[PDB]
Amino acid sequence: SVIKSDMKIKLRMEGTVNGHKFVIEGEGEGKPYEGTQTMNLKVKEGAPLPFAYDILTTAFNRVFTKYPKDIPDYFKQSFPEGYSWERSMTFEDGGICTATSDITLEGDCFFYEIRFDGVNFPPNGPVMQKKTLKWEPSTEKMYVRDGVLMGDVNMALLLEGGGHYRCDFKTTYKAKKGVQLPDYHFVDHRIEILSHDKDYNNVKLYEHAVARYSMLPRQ
Amino acid sequence: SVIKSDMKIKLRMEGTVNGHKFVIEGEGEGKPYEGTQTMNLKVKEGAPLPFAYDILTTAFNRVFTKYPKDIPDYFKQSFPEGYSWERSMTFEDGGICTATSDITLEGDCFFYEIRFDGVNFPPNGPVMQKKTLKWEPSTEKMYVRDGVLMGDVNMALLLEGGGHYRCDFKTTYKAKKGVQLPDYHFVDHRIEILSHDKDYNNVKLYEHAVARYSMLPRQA
Amino acid sequence: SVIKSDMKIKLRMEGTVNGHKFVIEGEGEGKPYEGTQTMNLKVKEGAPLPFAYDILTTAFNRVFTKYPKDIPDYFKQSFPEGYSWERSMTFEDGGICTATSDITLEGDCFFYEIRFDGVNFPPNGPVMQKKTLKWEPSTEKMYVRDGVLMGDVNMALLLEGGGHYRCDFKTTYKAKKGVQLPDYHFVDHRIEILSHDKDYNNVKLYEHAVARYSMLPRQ
Amino acid sequence: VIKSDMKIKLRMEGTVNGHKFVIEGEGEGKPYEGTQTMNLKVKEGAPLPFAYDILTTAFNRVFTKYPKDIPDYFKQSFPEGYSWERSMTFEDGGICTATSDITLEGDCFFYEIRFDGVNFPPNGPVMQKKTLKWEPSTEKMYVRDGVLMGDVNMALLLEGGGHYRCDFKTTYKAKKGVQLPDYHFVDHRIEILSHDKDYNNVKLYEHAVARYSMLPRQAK
């Protein structure tokens, strides 16, 4: 397989949030079969970012998901040709983001080319006022729709003070070659900022993801 | 506790779907601490129902959820006084349902007083054409909001001929007395029609639900 | 026709908002061809209502719409058999209402059988805190879908101390007999409470509605 | 600085279902009559694989006839100008975001536009180019958090008949203090006047007029 136990990552994101332009570059590595990955991210343009960094972090690759043998792995099967994804993020206060990513593989290194755009965030809301602490862990529901893979996930940002701020993700994952399609299943996630400097010009980011069916038996 | 290991259930649902009125009564039982329950449901008015029975089934009580000791159990704590819930169901093709339930307890038996209303289902869609097979198992996200408990769940009906039909649930669960509130957590579900007669006048329904935190370890 | 220049109205609404049960009865009259109507409403059960009365008022009949001769009038054509409607009301803070009505005619009097249910209104929001002043006038977009008539309208409640609270309506209108279907068009509305008592146990309600095409010429 | 006749240039860069493109435009209009025309040319990404109509409302509320009794947020904002941000939520799950920065030099506006569309179904009307036009519309304008919001229920007329719905939410952001209007309406009619194969060249027109409801107030 072209997907090895250890792989490197490189990425570039260009984007806008409430009209503010930025560029972030990243480098990292992970373990595709263990479903883990870590990245170091640097703001190259647009510093200091005027919005909560957490809204970007899920845009920074389901290759890094532990898949059981009894669920076809849409993402690992897509290589060497790779895949792209498209996502909407609908926040409960009217903010909306779109993001797209093209994921290629060269040697032992994945390359992500990412575009991110966020509009209509209230100026005194938790995103523009940087009141978020983290995303909660989540469970994404994966299902085939019109020959490609969809994932929907109810996400929540934990806020300063302990409340939550909700966002609904819908992502379409699109292999560049025919791959064996999976039945309805779940991907559990936990994404975490491990460290950052004052204005998030430098961030270390981690994610762990594991695919499964329901653990509750039938009938 | 007032919540025993084995409990009975009765219910009455009155509702409408695309203007069609119906009444369903139920009797069943469950195991609150195992998170399991079974119900037998009878259509009393509105037969034969002209829509997919599956849309009703999640309206037919989070008391029946296995809660680990390290997550406060909002539902069991609420008794004897009990609790109510309110729910919206937003389907991907424009259909919307509202449902409400008042859950009371007398001796070993719960009563659910349920109202269900669905509007704007496309006439050739899978609900009005009875093309649903089941709900998939799910994971509901539970969190406190304005002093009460909210659950959001991405639901999916498996369709005849394959494919899924999506619905987003938002539920507010409202205890009738002060209880210890939980942190953010998950409830995994699997709801199943075990058996039915041809027009779904008689249905046997089962649900299993278990609460948890994420099993993925924290690295930060 | 059976629809005269002056008609009477009687109604009963049964409903729940945030679990609170109520019944309201109404009697009024209107001028179908002018598109105007007035009703007196009385809370019979559930007084004093603990939520903004404004959320109910649009559930208290498009027969009362002035239709120009060059737009088929879906509603007037449906009588004497009549029509039913179904509506969702999606508020910007998560509140959702469903409403249904069956509209019949006996002699000179319409009868409306209404069901109304509202869920998930935030306890400190403008509906549960009774901070609404009125609905703004509106323009509903009418179009055929699956052989019946659909209406979508962006609605807004003007609030105390300023600002607006948004709600999106989707209504399906279903004639009990076949009628000539209209092309895409608009219904302009203005709904107003003319008077009320302290707790809104008694309310006098008015609406004016007029159908049109766009007034802007093609090129 | 806003004259009876003004010119326009623009550049849009964007993506729809992952497909990148660039379009440039030049046109002119009459700010006080609320009319404008532009000629648009695809510079990158030809042939566009999606319905051109989804782009056309991104290609300036300066071109709106405002009556004297409604403050004109857009014309007041110059010379400094304004930006806007928009979401377009289609009924089949497609979502677009768009942003534009509008500047003025001499007699000529420049629009710098970004447009991104995601999650359009592959056999839907957008990816299958099944749209004929947008219907005329009425946008609801209201102040929110010191800037002007507009919400509009939009509909694409389809080949064969029927409509495909999209809801727009736009935030209009002046770069200086301006007199804020009360709640009001902007009526629109946007039309492609001509185009060549694959819409490499398009002539686009819009007419827009602001108003209050002319249904008279009855309440004291």
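Here the protein sequences come in this chain order: C, D, A and B. Taking PDB author numbering, I'd label the letters of the first sequence as residues 2 to 61, 65 to 223. Taking PDB author numbering, I'd label the letters of the second sequence as residues 2 to 61, 65 to 224. Taking PDB author numbering, I'd label the letters of the third sequence as residues 2 to 61, 65 to 223. Taking PDB author numbering, I'd label the letters of the fourth sequence as residues 3 to 61, 65 to 225. The beta-carbon is built from N, C-alpha and C at its ideal position, and this holds for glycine as well.
Inter-residue CB distance, residue i and residue j (contact presumed, cutoff 8 Å)
i              : j              : result
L185 (chain A) : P141 (chain B) : Going by Cβ atoms, the distance from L185 (chain A) to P141 (chain B) rounds to 19 Å, so no, they are not a contact pair.
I75 (chain B)  : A213 (chain B) : Contact flag wrong, Cβ pair sits at about 13 Å.
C171 (chain B) : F95 (chain B)  : 5 Å
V18 (chain B)  : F52 (chain B)  : 5 Å
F115 (chain B) : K32 (chain B)  : The Cβ separation is near 18 Å, so there is no contact.
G47 (chain A)  : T104 (chain D) : Contact doesn't hold; Cβ gap of about 14 Å is too wide.
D187 (chain D) : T102 (chain A) : About 32 Å; that fails the 8 Å criterion.
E196 (chain C) : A224 (chain D) : 4 Å
Residue i classed as buried or exposed, judged by whether at least 16 other C-beta atoms fall within 10 angstroms
i                     : result
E90 (chain C)         : buried
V3 (chain A)          : exposed
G155 (chain B)        : buried
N206 (chain C)        : exposed
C113 (chain C)        : exposed
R222 (chain B)        : exposed
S92 (chain C)         : buried
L42 (chain A)         : buried
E211 (chain A)        : buried
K178 (chain B)        : buried
residue 245 (chain D) : Not covered by the structure: residue 245 (chain D). The range shown for chain D is 2 to 224.
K80 (chain D)         : buried
Proximity of residue i and residue j at Cβ, strictly below 8 Å
i                   : j              : result
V183 (chain D)      : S88 (chain D)  : no
residue 1 (chain A) : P126 (chain A) : Here chain A comprises residues numbered 2 to 223, so residue 1 (chain A) is not present and cannot be evaluated.
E164 (chain C)      : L137 (chain C) : yes
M146 (chain A)      : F190 (chain A) : yes
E35 (chain B)       : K9 (chain B)   : no
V152 (chain D)      : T176 (chain D) : yes
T143 (chain C)      : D192 (chain C) : yes
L209 (chain D)      : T39 (chain D)  : yes
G167 (chain D)      : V131 (chain D) : no
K45 (chain B)       : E26 (chain B)  : yes
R119 (chain C)      : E28 (chain C)  : no
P84 (chain A)       : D203 (chain A) : no
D55 (chain C)       : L198 (chain C) : no
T108 (chain B)      : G129 (chain B) : no
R194 (chain C)      : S218 (chain D) : yes
Strand pairing of residue i, partner residues [DSSP]
i              : result
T104 (chain B) : B:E90 and B:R119
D172 (chain D) : D:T94 and D:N158
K32 (chain C)  : C:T37
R216 (chain D) : D:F190
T136 (chain C) : C:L163
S142 (chain B) : B:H193
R13 (chain B)  : B:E26 and B:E117
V44 (chain C)  : C:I25
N124 (chain C) : Paired residue(s): none; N124 (chain C) is not in a bridge.
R149 (chain C) : C:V152
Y78 (chain A)  : DSSP output for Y78 (chain A) lists no bridge partner at all.
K208 (chain D) : D:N41 and D:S199
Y177 (chain D) : D:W89 and D:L153
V18 (chain D)  : D:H21 and D:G122
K70 (chain A)  : A:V214
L185 (chain A) : According to DSSP, which records beta bridges pairwise, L185 (chain A) is partnered with nothing at all.
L109 (chain B) : B:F114
Note to self: Residues of the segment 31-57 of chain A in Cβ contact with chain B at a cutoff of 7 Å, in chain order, please.
What the structure shows: Residues passing the 7 Å Cβ filter: none.
Next item on the list: Scan the segment 152-171 of chain D for residues whose Cβ lies nearer than 8 Å to a Cβ of chain C and list them as they occur along the chain.
Entry: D156, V157, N158, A160, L162, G167, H168 and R170
Next item on the list: Taking a Cβ distance cut-off of 8 Å, strictly less, list which residues of the segment 176-209 of chain C are near chain D, in chain order.
Entry: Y188, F190, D192, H193, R194, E196, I197 and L198
Item checked: Interfacial residues, the segment 129-145 of chain A to chain B, with Cβ spacing under 9 Å -> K138, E140, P141, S142, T143, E144 and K145
Check: Going along the chain, which residues of the segment 85-96 of chain C sit with their C-beta nearer than 8 Å to a C-beta in chain B?
Finding: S88, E90, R91, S92 and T94
Note to self: At a CB distance below 8 Å, what residues from the segment 104-125 of chain D approach chain G? Give them in sequence order.
What the structure shows: Here chain G cannot be found, since the structure's protein chains are C, D, A and B.
Check: Using a beta-carbon distance cut-off of less than 8 Å, what residues from the segment 16-30 of chain B approach chain C?
Finding: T17, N19 and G20
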